[PDB]
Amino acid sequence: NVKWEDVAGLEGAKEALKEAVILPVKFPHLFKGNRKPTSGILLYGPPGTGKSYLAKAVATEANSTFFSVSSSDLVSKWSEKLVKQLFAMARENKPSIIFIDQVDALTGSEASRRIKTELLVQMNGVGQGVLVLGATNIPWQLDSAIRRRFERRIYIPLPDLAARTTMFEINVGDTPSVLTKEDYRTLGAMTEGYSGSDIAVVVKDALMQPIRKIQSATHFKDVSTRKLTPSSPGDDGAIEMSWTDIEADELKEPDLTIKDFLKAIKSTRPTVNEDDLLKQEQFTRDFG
């Protein structure tokens, strides 16, 4: 789970969410009298950008309750009362943010119309401690009515160089790493186009690499600091043995090298193509 102080500048979006969510949600006293805040916020942009974790981080920072639901889950399963339930929960726990993922899914038939109704109903009934945060990867297929209920709209872009580096560091985490921060910048530089999600897929592949090299192995060498590391037929001091019979305390718990990530980066290719980003920038012109 992402932390707010970790969240990147987002080509403006971090500061926008500060002005739009945190300020009014955390400091309502500040909007006393003949001034008032907006209502309804649509986060939009390329997929894989982790908007709901971004939503979560802004909630945690605004010191508000957080309820997230998925439209595609709501529409492609069983449910009008569940929408009713969620807003009731939110009212009991003011201030609270309701995040609704994939607001696309409420436009497509049948049950989709029935949920769009109730959501729209609930929001009209909302608008003074219940902020609604919708998210969509496909704002072009977003219905005017739904759209019109999201006054503020914020574009969440793909990660840039600094962001991607950080993502590589965070995803790795506590894991035994012998990687330079210079080597991390390589990984960031290396992954232009990748979404934070794309990147997670990569790291999970990379972290399984030391391990996979242990089970692939058939020979081991005592790199005595016994501590056995994988090898091949006859390098320097190899023993033709089974990893399944190495003692837990006799296993050279291997370190992460850059090349672990390289194979994985060369595998997984970017989700979001150049075509899709163009259709996003049109939305920002006419609706942003």
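Start at 1 with the first residue shown and count on from there.
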- Message: Our gap detector needs a label for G173 to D174. Which class matches the unmodelled residues of the deposited sequence there: none, 1 to 3, 4 to 9, or 10 or more?
- Response: none
- Residues of the deposited sequence that sit between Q128 and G127 yet are not modelled: 1 to 3
- Message: Which is higher on mean Cα B factor in this entry, 213 to 221 or 175 to 183?
- Response: 175 to 183
- Message: Going by the mean C-alpha B-factor recorded in the entry, which is higher: 194 to 202 or 141 to 149?
- Response: 141 to 149
- Message: Out of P254, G48, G45, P28, whose C-alpha atom has the biggest B factor in the entry?
- Response: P254
- Message: Checking the record values for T136, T117, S79, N93, which has the greatest CA B factor?
- Response: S79
- Task: Determine, from the deposited record, the chain-internal third of the Cα B-factor for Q122: lowest, middle or highest.
- Result: lowest
- Within this chain's modelled residues, let me know which third the CA B factor of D249 belongs to: lowest, middle or highest. middle
- Message: Based on the deposited C-alpha B factors for this chain, I'd like to know if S64 is in the lowest, middle or highest third.
- Response: lowest
- Message: Splitting the chain's C-alpha B-factors into thirds, which one does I265 fall into?
- Response: middle
- If you rank every modelled residue in this chain by C-alpha B factor, which third holds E110: lowest, middle or highest? middle
